[PDB]
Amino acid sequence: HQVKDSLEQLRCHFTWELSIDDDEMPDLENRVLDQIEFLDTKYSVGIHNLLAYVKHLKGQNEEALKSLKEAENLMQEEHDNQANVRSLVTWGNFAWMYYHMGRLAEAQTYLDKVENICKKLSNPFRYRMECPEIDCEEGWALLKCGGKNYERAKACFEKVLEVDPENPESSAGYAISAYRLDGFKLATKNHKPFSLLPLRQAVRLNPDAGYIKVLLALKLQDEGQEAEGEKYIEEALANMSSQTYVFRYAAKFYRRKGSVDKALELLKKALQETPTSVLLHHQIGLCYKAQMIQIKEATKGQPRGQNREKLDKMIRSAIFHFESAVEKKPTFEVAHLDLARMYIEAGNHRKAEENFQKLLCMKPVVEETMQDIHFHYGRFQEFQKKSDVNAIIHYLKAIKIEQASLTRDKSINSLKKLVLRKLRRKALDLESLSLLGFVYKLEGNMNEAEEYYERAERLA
């Protein structure tokens, strides 16, 4: 069992516990291919190694080997024919691949190659290469393989920065990881911009990287500094680096600014290059949603004639793009939620119900998203289905998720409004009395709460 024990010491995709879920594999493969073609980075060894690992997980070991060979071929130029320690990731994946294929002599050859380099570099381990380049590669792999891996990704880059605080690559990976983790908490009460200073530093250390500039722009916009952020959007759009990714995030920036036509123009160009992107399809749907809202405002909710035909175009186009996003990534929870909400606007309550039911069964990485699922389903039940029983059930389920948030507060307020309504139709409804006490209790009005709980108990 020497071979397997040695393989487990290698630092490569097979030992990084990426935990790629089958339902997310088609989208991951599409995003890996997109990144190969359109992300401008100094080294591309990592992304080709991840494609090889994906092919392996798909049962295509011969195709996986082709991607490992391409990773080696490309490095001959990304370093000018010179030796680079990132090759050890490729060699580790070769050893594992050959082990799985039964080519065990070749597997041992690649173990020996890794060991030889670990010796040459005075590495303490025989097969586990300790160097910042591989810490970065581990981090980038984690950062590509879904939100559940982002704390681990951030820690990879942080490990490098604790010894080399001006390292450009780990500064970038740390900042992007931190930005996405900030995004998970963006609706929680008292959330803070932990990623802003990291993004400033990453832009300083990677002055040509448009990808990072547009994230800095968006975080500045989050923090009420839209004008400063827009300067970074313009700088990123003036350069060709990773242009198609720059378009995605610039479009988000302009949509949130209110320039929805400009956002759509950018997204339509980006979709020509990466038509499978679920982020693009979701962003396009959000643009059509925003334009739907604009039409409702200008017509005070009663569009007619051409305005109605435009509204219907917006609704049906948003549905098309949200459906496209969830076909490609069925675990994309918030796209299902936008989709359910847009079927309400189309008047199709059965399809809205259908998507809400799917959502109630999901297990989002971001647990607070279930607050929004219950809240919007509760509103659907109250207003479209005219079911106070089910509205109360789901407002309460949102409230039971204790994390303080915008939506938890809205769920408390919606429950309060519903109950106050029922009590006007029936002042001695026991259930509504105690629920109103519950609401006051959550608000901190303990005297008003107890009098309503007591009042309810007397009737009983």
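Start at 1 with the first residue shown and count on from there.
Stretches 11 to 19 and 438 to 446 differ in mean C-alpha B factor, with the higher average recorded for 438 to 446.
Once the C-alpha B-factors are averaged per stretch, 419 to 427 and 404 to 412 rank with 419 to 427 first. If you compare the C-alpha temperature factors of 344, 315, 295, 95 in the entry, 295 comes out highest. Comparing the listed residues 383, 179, 91, 249, the entry records the largest Cα B-factor for 383.
In the PDB entry, a CA B factor belonging to the lowest third of its chain's modelled residues is recorded for residue 32. For residue 78, the recorded CA temperature factor ranks within the highest third of the chain's modelled residues. When all modelled residues of the chain are sorted by CA temperature factor, residue 302 is found within the highest third.
Ranked within its chain, residue 131 lands in the middle third, by CA B factor from the PDB record. Sort the chain's modelled residues by C-alpha temperature factor and residue 372 lands in the middle third, per the entry.
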